[PDB]
Amino acid sequence: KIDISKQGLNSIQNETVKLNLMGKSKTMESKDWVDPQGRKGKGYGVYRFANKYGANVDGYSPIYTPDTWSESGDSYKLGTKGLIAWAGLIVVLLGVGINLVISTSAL
Amino acid sequence: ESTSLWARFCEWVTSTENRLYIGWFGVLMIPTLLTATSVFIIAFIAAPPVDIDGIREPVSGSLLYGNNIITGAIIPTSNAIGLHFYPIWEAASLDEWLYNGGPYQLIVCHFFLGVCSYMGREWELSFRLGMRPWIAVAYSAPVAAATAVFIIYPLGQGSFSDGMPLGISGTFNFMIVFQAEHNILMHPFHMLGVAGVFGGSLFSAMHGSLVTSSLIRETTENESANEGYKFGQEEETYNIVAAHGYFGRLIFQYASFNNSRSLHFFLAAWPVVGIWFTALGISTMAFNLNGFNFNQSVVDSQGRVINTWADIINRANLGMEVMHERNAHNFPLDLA
Amino acid sequence: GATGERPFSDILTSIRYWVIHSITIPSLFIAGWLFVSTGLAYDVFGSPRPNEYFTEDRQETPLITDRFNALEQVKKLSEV
Amino acid sequence: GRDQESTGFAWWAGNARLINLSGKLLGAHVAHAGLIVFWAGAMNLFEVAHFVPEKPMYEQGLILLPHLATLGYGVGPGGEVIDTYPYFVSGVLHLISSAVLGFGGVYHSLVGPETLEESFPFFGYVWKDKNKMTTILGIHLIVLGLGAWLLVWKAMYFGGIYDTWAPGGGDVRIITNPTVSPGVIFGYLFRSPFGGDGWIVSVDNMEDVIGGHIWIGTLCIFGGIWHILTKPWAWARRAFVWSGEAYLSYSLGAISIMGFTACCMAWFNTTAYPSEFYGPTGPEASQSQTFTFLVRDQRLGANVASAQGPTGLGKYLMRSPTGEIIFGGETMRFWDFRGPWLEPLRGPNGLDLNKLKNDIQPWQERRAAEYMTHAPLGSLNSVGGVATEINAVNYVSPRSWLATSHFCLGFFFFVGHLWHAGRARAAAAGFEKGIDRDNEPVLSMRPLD
Amino acid sequence: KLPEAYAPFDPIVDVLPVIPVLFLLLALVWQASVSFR
Amino acid sequence: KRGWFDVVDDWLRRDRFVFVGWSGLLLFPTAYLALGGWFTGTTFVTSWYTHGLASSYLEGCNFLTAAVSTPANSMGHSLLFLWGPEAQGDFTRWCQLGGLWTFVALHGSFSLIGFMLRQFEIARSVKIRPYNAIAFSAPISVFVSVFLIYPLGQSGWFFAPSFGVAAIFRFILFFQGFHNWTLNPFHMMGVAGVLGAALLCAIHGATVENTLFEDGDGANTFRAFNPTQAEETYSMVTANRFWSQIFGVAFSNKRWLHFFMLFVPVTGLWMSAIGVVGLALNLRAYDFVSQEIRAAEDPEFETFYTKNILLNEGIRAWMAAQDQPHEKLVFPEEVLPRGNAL
Amino acid sequence: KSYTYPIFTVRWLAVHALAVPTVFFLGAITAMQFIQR
Ligand SMILES: CCCCCCCCCCCCCCCCCC(=O)OC[C@H](CO[C@@H]1O[C@H](CO[C@H]2O[C@H](CO)[C@H](O)[C@H](O)[C@H]2O)[C@H](O)[C@H](O)[C@H]1O)OC(=O)CCCCCCCCCCCCCCCCC
Ligand code: CLA
Ligand code: CLA
Ligand code: CLA
Ligand SMILES: CCCCCCCCCCCCCCCC(=O)OC[C@H](COP(=O)(O)OC[C@@H](O)CO)OC(=O)CCCCCCCCCCCCCCC
Ligand SMILES: CC1=C(/C=C/C(C)=C/C=C/C(C)=C/C=C/C=C(C)/C=C/C=C(C)/C=C/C2=C(C)CCCC2(C)C)C(C)(C)CCC1
Ligand SMILES: CC1=C(/C=C/C(C)=C/C=C/C(C)=C/C=C/C=C(C)/C=C/C=C(C)/C=C/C2=C(C)CCCC2(C)C)C(C)(C)CCC1
Ligand SMILES: CC1=C(/C=C/C(C)=C/C=C/C(C)=C/C=C/C=C(C)/C=C/C=C(C)/C=C/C2=C(C)CCCC2(C)C)C(C)(C)CCC1
Ligand SMILES: CC/C=C/C/C=C\C/C=C\CCCCCCCC(=O)O
Ligand code: OEX
Ligand SMILES: [Cl-]
Ligand SMILES: [Fe+2]
């Protein structure tokens, strides 16, 4: 019912984090998998009815989908000149603010 | 087939076919609880007046001695005894035993042992039925609260007379004297406990209303939906997705719980932590670590005092402090 | 899914967002500091400064007794 | 590290991923020990730097310095601090050793061997191997016994420990004749916990403390030797759950009991916790108040013995429920108190009327007044006095801090023991992850009535 | 107080005991940087 | 959709991050104004001229002791508009006279009305039943009876709760000292309802979380669920058997379970509201006449009820002088009730 | 695919109406801490 590829989780660099966000783990479906305490697995995986319902709750309602992120915003259009102007403005504003705070107080 | 007497007894005690589970913790639980119940009923109905303050001023608490249900109580042990063990066989006679406040100590000890065994038996049946053993951990919060009000506070105050009476008006008196002496309302742990109970009521109503609002139609209008649910059925009887959609449009999408397991864990965790913290606050205040004292904190330029709601609360505390025991004090400081 | 707005994770990790908001938040903080320090807070909402709690006329707490002359009574009580 | 993909444990339960990793677990434990030593050293340095000599120890919010004072370090007759250099030495040594411990922990956690069962067979273990676990338990029992004997040697040969009951005022004595009588040692252990008895909290001389420490050191060494050479019997294999979480739950329960005992000892004891460095106890302040009011009213020409209160019981002196002469008022509940400044005025049948009528000393009066004014009452923001007082005094007793903190810790570790014992018992059986839909145990039982 | 030879280093001592709490916060920060895998 | 109503309804009932709806026009402005009024009153506005205290951060109060104070008792039950015959359009003197309390209360009541309307509207848009909207009636009744009906039956707004922490604590202590509120059966039902609701929440959470099903291989059981699944995630049969053998009785109906969960706190709060409505006219269950007569005739009869009566008397006598400045009570130190040596 | 989102929405106003006065009041309260009686 749920297509994992259409959930917008394909733009994640870390493979382990990507598998975590879809509620999937290739290691756990193996019949010889043993968790830290030492209990064998029954082959269910993360979710027993993963095939019946498509995916898990993690793969149903994700809260971090880089695919839906805006194409812009990963690069600043104003470039280096904008950053230089911002640096000048923030230095000037910090100086003005500290001067106003000192002047209006009782020294 | 069991043959030995002990093997048969163990099989019967640890049986899951009994109407009420006995277990090995129930072996301790049943007699102590029955003893405390019997003594409580008999003392609540027909017990003589008890000298609670040790100043030869008996206080009546029995129905047969002119009391109703709201007024009746079981008066704590005498102040003269203190923290000393006062079993029934340490008295010259039952008349002397009833005059000093023995039944309170008896009931308190048996009740403490019984509630500890009750929590143990909860774990035991969880293990025998194949469940996960944390309903007993949930019960630890009321167990700790009862222990704090019945054991730890007398332990830190040096007498069982400062313990909570086994009555209604006695409970109110305990609360008022506790406020007058420790300023419990200003304690952050009491604030956390109040938040715990208020949030528990909020979330109980919220969950009940959300589940009742998403019932799938399986009946007609001349019968209740409870008849629409069938015991032991396999399919879910309400729409979790519909309830989540309603709540996420009520506040916003990422505030509701899409996971039923996570939602029920949150429901379990909130009040339990709240009650844990309020019991810890009572136990801490037993050793005289009171709440915030913002008295005469706001001071103007010339040094005079500007009052505050904290100062009004202090005036009320002073009012209920000079009267909590009229004749039991000979010296100006209540150091106990 | 999504209701048709930019994700909060996308916005909060933007150079444009942190360039715009490296000015607005400190500007508001400084504006509040100047509002308090310049004495505007006392004058706008009528709160007493530490030296104005008691005047030379009355050395007790104020008390308002008239409902319809309340404006004039509170004007008289606040006199410095 | 690891991740939920290959472990099944989330980040909030990430320390459970190193249950079967011996090297990383050892690194974590060593790092934690380094943290403990670091806190000890840093707190000692913080307290030594903020100490003024014009005020007593309990008036400045110190909790680690009174521990060194009771060992006879930098203190003099009467309980007055003379030298403050040994405290600095102890703090510096702890802080420096914490660096070595932390480096060892970091090494063993980051780049050390991950599982030391193939390269270091002596240090390797399996949680289900009973013999190895018992051997480790025996080794650590021997270490603890050596520590107890190290404490014993201090009170005998290396200058002794502070004794608050010493003749001519409290002073650093040397314990030459410890009490090693089996009847005395067993009397404290199997005593009732109620009033008057007090269990082990009622130890009232340093000879008993040193004798009990001799006993505990010998017992720990013998038990360690016994466990190194043996393995659990059938009746022990039949009763316990054998896994790391089970062992953790056992330890949690033991240390919860220890925390409750420490809280009670801090609140009630006066021998191992002298009032000169910790301030008066609960009962001590009330007894001091009654004593000083009796002294003042006697100085004004009054008959304290025959004075009658509003209730007709006695304003200053009355009789305990067993007959002993005790102080009157609401302090009649604290008649079990026994302190160095009050014992000299007490006879075989209680307080001696002639002694407190003609032989009361100014030092006793000063101690009573000081312990009356510094009562262990306060608020959360450190305001001394009852809850209906004003903001004048910045004081909370060191007994209150220790008692409250350690009761909270003991309760939380009891809850932790419950959690871990339940989880271990369930996981060993094999249903800690839920019920099996295919084979549900309840569906196979006959229905109830 | 500290000995006269250790007087200049008093400000260092006054901030030491918060380091364990900083260690707990640092563990949380490391988990966040690892992205809670 | 061509009409004005149709296009306005299309825009208002849109799918959005924050749902506005037709009830938003009443909810959002009033709620925003109430929140802003409370924050402004706690941060800048004082309480010197109406109560004789300091109730702001500007004057040196923390989060606990800061509040928005009620008007003076001379103002009676005046609604105290900014343009009314008392403030007469002066904002500073309106703030000084205590008009921010009535502002906050009057906007908060309409915000509550708007919130219930929003619940109704959202429930109808999603095509479910309005039981969540029905459940809000208990908080609304509590607010109405405590903040409006009780002051409306008293001397004025001066005896209403003030929007603060320590102010609410003073209100509670006043209710104990003067009304004997702890001895009211309606308050007893309210306490029972609140505590039972907390009990139900904790017990249901624990029982569901400890009767789960094995739907995965990991120890973290939160990841073995899917909201669109059909089968239930926990064993109702196992839960019922456990609670039948432990307690004696247990639930066998999920719908009845959850309706009981809804029913308990609502009934408790409604009963407490009825009690406060009764108390608004000083109709207090204060004393037992038989006990008073017996204690008067026999100087040896004493119960905990008489001790509570004495405590209430002390509270009244020692709080009256400062809590009610309008009465101008001057009490010599020898008329205040007092115990021995305390 | 390319995703384009509006800058100013109802959510923008809802966020800012609670964010701007919060920062202003926090600055005022911080200034309040250094006033001497
Ligand atoms: C083997 C299993 C147990 C067998 C026995 C079980 C009995 C159960 C009976 C039922 C009631 C419950 C227990 C009540 C305990 C009351 C303790 C008390 O009145 O007092 C406690 C005593 C203190 O004893 C005091 O000891 C004092 C010591 O005397 C002397 O002490 C000094 C000696 O130098 C000074 O000289 C001093 O002046 C002098 O008085 C005095 O004697 C006091 O009168 C005396 O009361 O402490 C101690 O025994 C030390 C610590 C005891 C354990 C911890 C207690 C606190 C925790 C409670 C339980 C856990 C709660 C939290 C979890 C809740 C959920 C599960
Ligand atoms: C969204 C709805 C809303 C609502 C329901 C309220 C409700 C209330 N406000 Mg709030 N208020 C709001 C938004 C709202 N406010 C806004 C946006 C602001 C701007 C910041 C304020 C600012 C404010 C102030 C400054 C005060 C209040 C106060 C009050 C009360 C006003 C009493 C009054 O007589 O009203 C007016 C009476 C009515 C019945 C109006 C309805 C008349 C109908 C529409 C007929 C129209 C006919 C008319 C002859 C022709 C006009 C049309 C033509 C001009 C175009 C009332 C509790 C007062 C207060 O709380 O005192 C303690 C007060 O002091 N409010
Ligand atoms: C009491 C302290 C404490 C300690 C000693 C440990 C110890 C350990 N943790 Mg646990 N943990 C803790 C608290 C602690 N944890 C808390 C509070 C949480 C919840 C956030 C976790 C959650 C957690 C997870 C989720 C995981 C671990 C794992 C690990 C182990 C592997 C370390 C590693 O791979 O990453 C170390 C990573 C880094 C390279 C960061 C290095 C930073 C260094 C160590 C800081 C200390 C340096 C100090 C400033 C200077 C010392 C130098 C000396 C000369 C003075 C390690 C033994 C991992 C595991 O399970 O292994 C199988 C893992 O998966 N832990
Ligand atoms: C660090 C603490 C410590 C721990 C955790 C253990 C743990 C264990 N011990 Mg060891 N042991 C220790 C120290 C310790 N021991 C010491 C110091 C000694 C010397 C006395 C012994 C001597 C010892 C013996 C002789 C035996 C064990 C056995 C066992 C196992 C059974 C568990 C059990 O106690 O039953 C649960 C406990 C009980 C049912 C009741 C015990 C409580 C006693 C009776 C209280 C009264 C104390 C007693 C009379 C001693 C006198 C008091 C003192 C003043 C002299 C378990 C592995 C058994 C075994 O498997 O050996 C291989 C066994 O037979 N231990
Ligand atoms: C050894 C055992 C130790 C613990 C013993 C506990 C004993 C108490 C048990 C009480 C059961 C009473 C239930 C009645 C009603 C009844 O028959 O319940 C049975 C009911 C059955 O539920 P079903 O799912 O079968 O209902 C189906 C629907 O169609 C109903 O319409 O279950 C519950 O509601 C559980 C809630 C009980 C809540 C009871 C709390 C305590 C009540 C107050 C006690 C006052 C004491 C006063 C003394 C003076
Ligand atoms: C692994 C891990 C972890 C942990 C860690 C730890 C726990 C560590 C520790 C560590 C440590 C624990 C360390 C320590 C260090 C120390 C040092 C480095 C010291 C120094 C010192 C000094 C330098 C001194 C000086 C002086 C002197 C000599 C004298 C006086 C003065 C003074 C003080 C100045 C965590 C959590 C992160 C997580 C991940 C993993
Ligand atoms: C130093 C000192 C001293 C001494 C001490 C001692 C010598 C001690 C000992 C101690 C001891 C010697 C202890 C012991 C304990 C024990 C215990 C605590 C036990 C427990 C047990 C248990 C818990 C069990 C359980 C069970 C059962 C019952 C059934 C089956 C199962 C099981 C096994 C689990 C004195 C006081 C003189 C003085 C001061 C100082
Ligand atoms: C009055 C009035 C008005 C209005 C106004 C408004 C609307 C305002 C608003 C305002 C606002 C809107 C404000 C706000 C504020 C806020 C704040 C001040 C906050 C604070 C916060 C805090 C302090 C936090 C804390 C914390 C932390 C840090 C941690 C965790 C927990 C918590 C979260 C608690 C008008 C003109 C129209 C008209 C006339 C009257
Ligand atoms: C005080 C009155 C109470 C009495 C209850 C006491 C005992 C209960 C009766 C019998 C105990 C169990 C005997 C063995 C039953 C059969 C066990 C089996 O064969 O499995
Ligand atoms: O007894 Mn019951 O309350 Ca404990 O404080 Mn003191 O004593 Mn009596 O007064 Mn307060
Ligand atoms: Cl007294
Ligand atoms: Fe539910």
# chains A, B, ... in the order shown; residues from 1 in each chain; ligands from 1
call {"tool": "residues_near_ligand", "arguments": {"ligand": "ligand 4", "cutoff": "10 Å", "atoms": "only C-alpha atoms and all ligand atoms", "output": "ChimeraX atom specification"}}
result
/D:130-131,133-134,137-142,144-145,182-190,212,215-237,239-240,247,250-251,254
call {"tool": "residues_near_ligand", "arguments": {"ligand": "ligand 9", "cutoff": "6 Å", "atoms": "only C-alpha atoms and all ligand atoms", "output": "list in words"}}
result
residues 8, 9, 11 and 12 of chain B
call {"tool": "residues_around", "arguments": {"residues": "residue 54 in chain C", "least_positions_apart": "2", "cutoff": "12 Å", "atoms": "only C-alpha atoms", "output": "mmCIF file with N, CA and C atoms, in the first residue's frame"}}
result
data_model
loop_
_atom_site.group_PDB
_atom_site.id
_atom_site.type_symbol
_atom_site.label_atom_id
_atom_site.label_comp_id
_atom_site.auth_asym_id
_atom_site.auth_seq_id
_atom_site.Cartn_x
_atom_site.Cartn_y
_atom_site.Cartn_z
ATOM 1 N N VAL B 299 12.413 44.985 48.410
ATOM 2 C CA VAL B 299 12.767 46.062 49.325
ATOM 3 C C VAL B 299 13.018 47.322 48.509
ATOM 4 N N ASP B 300 12.473 48.448 48.966
ATOM 5 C CA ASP B 300 12.611 49.700 48.239
ATOM 6 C C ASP B 300 13.907 50.407 48.635
ATOM 7 N N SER B 301 14.118 51.597 48.064
ATOM 8 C CA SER B 301 15.419 52.259 48.151
ATOM 9 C C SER B 301 15.800 52.581 49.589
ATOM 10 N N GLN B 302 14.837 53.006 50.401
ATOM 11 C CA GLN B 302 15.125 53.370 51.781
ATOM 12 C C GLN B 302 15.154 52.171 52.719
ATOM 13 N N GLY B 303 14.905 50.965 52.214
ATOM 14 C CA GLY B 303 15.013 49.761 53.004
ATOM 15 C C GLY B 303 13.700 49.173 53.471
ATOM 16 N N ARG B 304 12.582 49.856 53.251
ATOM 17 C CA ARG B 304 11.304 49.344 53.717
ATOM 18 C C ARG B 304 10.857 48.157 52.868
ATOM 19 N N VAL B 305 9.924 47.386 53.417
ATOM 20 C CA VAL B 305 9.491 46.124 52.828
ATOM 21 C C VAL B 305 8.223 46.357 52.022
ATOM 22 N N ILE B 306 8.221 45.881 50.781
ATOM 23 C CA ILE B 306 7.045 45.891 49.921
ATOM 24 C C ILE B 306 6.506 44.468 49.876
ATOM 25 N N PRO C 48 5.810 51.945 40.041
ATOM 26 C CA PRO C 48 6.624 52.819 40.896
ATOM 27 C C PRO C 48 8.091 52.420 40.859
ATOM 28 N N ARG C 49 8.959 53.413 40.694
ATOM 29 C CA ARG C 49 10.382 53.202 40.872
ATOM 30 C C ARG C 49 10.672 52.961 42.350
ATOM 31 N N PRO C 50 11.823 52.366 42.676
ATOM 32 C CA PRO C 50 12.088 52.028 44.084
ATOM 33 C C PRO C 50 12.019 53.214 45.030
ATOM 34 N N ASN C 51 12.286 54.427 44.555
ATOM 35 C CA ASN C 51 12.215 55.613 45.397
ATOM 36 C C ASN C 51 10.835 56.259 45.412
ATOM 37 N N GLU C 52 9.868 55.722 44.664
ATOM 38 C CA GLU C 52 8.544 56.322 44.560
ATOM 39 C C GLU C 52 7.455 55.469 45.197
ATOM 40 N N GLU C 56 6.487 61.737 50.771
ATOM 41 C CA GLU C 56 6.537 62.473 52.028
ATOM 42 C C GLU C 56 5.151 62.735 52.600
ATOM 43 N N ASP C 57 4.109 62.686 51.770
ATOM 44 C CA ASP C 57 2.755 62.925 52.254
ATOM 45 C C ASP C 57 2.252 61.744 53.077
ATOM 46 N N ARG C 58 2.215 60.558 52.476
ATOM 47 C CA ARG C 58 1.724 59.356 53.133
ATOM 48 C C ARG C 58 2.831 58.317 53.210
ATOM 49 N N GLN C 59 2.942 57.670 54.371
ATOM 50 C CA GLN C 59 3.926 56.620 54.596
ATOM 51 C C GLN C 59 3.279 55.248 54.748
ATOM 52 N N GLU C 60 2.026 55.107 54.335
ATOM 53 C CA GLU C 60 1.312 53.841 54.374
ATOM 54 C C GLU C 60 0.998 53.382 52.955
ATOM 55 N N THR C 61 0.368 52.216 52.857
ATOM 56 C CA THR C 61 -0.006 51.681 51.561
ATOM 57 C C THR C 61 -1.190 52.456 50.985
ATOM 58 N N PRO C 62 -1.231 52.640 49.667
ATOM 59 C CA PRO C 62 -2.362 53.345 49.058
ATOM 60 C C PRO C 62 -3.649 52.550 49.183
ATOM 61 N N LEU C 77 -2.886 59.707 44.579
ATOM 62 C CA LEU C 77 -2.021 58.755 45.270
ATOM 63 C C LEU C 77 -0.669 58.614 44.586
ATOM 64 N N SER C 78 -0.623 58.774 43.266
ATOM 65 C CA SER C 78 0.612 58.621 42.508
ATOM 66 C C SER C 78 1.458 59.884 42.483
ATOM 67 N N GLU C 79 1.002 60.966 43.112
ATOM 68 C CA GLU C 79 1.742 62.220 43.093
ATOM 69 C C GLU C 79 3.101 62.055 43.759
ATOM 70 N N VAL C 80 4.130 62.599 43.118
ATOM 71 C CA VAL C 80 5.487 62.520 43.641
ATOM 72 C C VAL C 80 5.914 63.868 44.207
ATOM 73 N N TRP F 48 0.460 47.999 43.227
ATOM 74 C CA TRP F 48 0.675 48.768 44.448
ATOM 75 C C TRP F 48 -0.578 49.528 44.861
ATOM 76 N N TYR F 49 -1.289 50.113 43.901
ATOM 77 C CA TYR F 49 -2.400 50.999 44.218
ATOM 78 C C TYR F 49 -3.722 50.273 44.405
ATOM 79 N N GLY F 52 -1.737 46.866 47.291
ATOM 80 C CA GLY F 52 -0.676 47.150 48.232
ATOM 81 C C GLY F 52 0.520 46.234 48.137
#
call {"tool": "closest_residue", "arguments": {"among": "C:44, C:64, C:2, C:15", "to": "ligand 8", "atoms": "only C-alpha atoms and all ligand atoms"}}
result
C:44
call {"tool": "residues_near_ligand", "arguments": {"ligand": "ligand 1", "cutoff": "8 Å", "atoms": "only C-alpha atoms and all ligand atoms", "output": "JSON, numbers by chain"}}
result
{"B": [83, 84, 108, 109, 110, 112, 113, 116, 140, 141, 143, 144, 145, 147, 148, 151, 152, 154, 155, 158], "D": [192, 193, 194, 195, 196, 197, 198, 199, 200, 201, 202, 203, 204, 205, 257, 260, 261, 262, 263, 264, 265, 268, 269, 270, 271, 272, 283, 284, 334, 335, 336, 337, 338, 339, 407, 410, 411, 414]}
call {"tool": "select_by_dssp", "arguments": {"residues": "range 58-187 of chain B", "states": "helix (DSSP H, G or I)", "output": "VMD selection string"}}
result
chain B and resid 63 to 65 88 to 90 94 to 100 102 to 129 135 to 157 160 to 162 168 to 182 184 to 186
call {"tool": "atom_distance", "arguments": {"atom1": "CA of residue 95 in chain D", "atom2": "atom 21 (C, counted along the ligand's line) of ligand 3"}}
result
24.5 Å
call {"tool": "residues_around", "arguments": {"residues": "residue 9 in chain C", "least_positions_apart": "5", "cutoff": "9 Å", "atoms": "only C-alpha atoms", "output": "list in words"}}
result
residues 64, 65, 66 and 69 of chain A
call {"tool": "write_last_selection", "arguments": {"atoms": "C-alpha atoms", "output": "mmCIF file, in the first residue's frame"}}
result
data_model
loop_
_atom_site.group_PDB
_atom_site.id
_atom_site.type_symbol
_atom_site.label_atom_id
_atom_site.label_comp_id
_atom_site.auth_asym_id
_atom_site.auth_seq_id
_atom_site.Cartn_x
_atom_site.Cartn_y
_atom_site.Cartn_z
ATOM 1 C CA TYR A 64 12.853 14.524 7.719
ATOM 2 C CA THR A 65 12.415 14.369 3.924
ATOM 3 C CA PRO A 66 15.299 16.040 2.044
ATOM 4 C CA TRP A 69 13.345 20.457 0.455
#
call {"tool": "decode", "arguments": {"residues": "range 124-138 of chain F", "atoms": "N, CA and C atoms", "output": "mmCIF file, in the first residue's frame"}}
result
data_model
loop_
_atom_site.group_PDB
_atom_site.id
_atom_site.type_symbol
_atom_site.label_atom_id
_atom_site.label_comp_id
_atom_site.auth_asym_id
_atom_site.auth_seq_id
_atom_site.Cartn_x
_atom_site.Cartn_y
_atom_site.Cartn_z
ATOM 1 N N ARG F 124 -16.650 18.243 12.641
ATOM 2 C CA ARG F 124 -17.615 18.124 11.553
ATOM 3 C C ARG F 124 -16.937 18.077 10.188
ATOM 4 N N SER F 125 -15.802 18.761 10.028
ATOM 5 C CA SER F 125 -15.104 18.739 8.744
ATOM 6 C C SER F 125 -14.497 17.371 8.459
ATOM 7 N N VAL F 126 -14.011 16.684 9.497
ATOM 8 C CA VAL F 126 -13.407 15.362 9.339
ATOM 9 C C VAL F 126 -14.440 14.242 9.411
ATOM 10 N N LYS F 127 -15.694 14.558 9.737
ATOM 11 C CA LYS F 127 -16.786 13.588 9.791
ATOM 12 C C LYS F 127 -16.549 12.539 10.880
ATOM 13 N N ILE F 128 -16.399 13.026 12.110
ATOM 14 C CA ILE F 128 -16.355 12.200 13.306
ATOM 15 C C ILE F 128 -17.314 12.794 14.335
ATOM 16 N N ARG F 129 -17.329 12.197 15.537
ATOM 17 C CA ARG F 129 -18.255 12.535 16.609
ATOM 18 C C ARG F 129 -17.644 13.558 17.567
ATOM 19 N N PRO F 130 -18.467 14.472 18.135
ATOM 20 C CA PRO F 130 -17.950 15.609 18.904
ATOM 21 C C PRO F 130 -17.763 15.344 20.398
ATOM 22 N N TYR F 131 -17.159 14.208 20.733
ATOM 23 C CA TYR F 131 -16.968 13.894 22.142
ATOM 24 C C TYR F 131 -15.812 14.675 22.744
ATOM 25 N N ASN F 132 -14.806 15.015 21.939
ATOM 26 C CA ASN F 132 -13.752 15.896 22.427
ATOM 27 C C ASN F 132 -14.297 17.282 22.732
ATOM 28 N N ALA F 133 -15.206 17.780 21.894
ATOM 29 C CA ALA F 133 -15.848 19.059 22.171
ATOM 30 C C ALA F 133 -16.732 18.972 23.404
ATOM 31 N N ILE F 134 -17.390 17.828 23.610
ATOM 32 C CA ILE F 134 -18.183 17.648 24.822
ATOM 33 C C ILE F 134 -17.292 17.635 26.063
ATOM 34 N N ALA F 135 -16.080 17.084 25.956
ATOM 35 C CA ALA F 135 -15.196 16.975 27.113
ATOM 36 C C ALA F 135 -14.655 18.319 27.595
ATOM 37 N N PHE F 136 -14.600 19.337 26.735
ATOM 38 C CA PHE F 136 -14.115 20.655 27.131
ATOM 39 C C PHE F 136 -15.106 21.413 28.010
ATOM 40 N N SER F 137 -16.341 20.924 28.110
ATOM 41 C CA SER F 137 -17.332 21.581 28.949
ATOM 42 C C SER F 137 -16.908 21.602 30.409
ATOM 43 N N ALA F 138 -16.191 20.573 30.872
ATOM 44 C CA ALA F 138 -15.741 20.576 32.265
ATOM 45 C C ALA F 138 -14.726 21.679 32.547
#
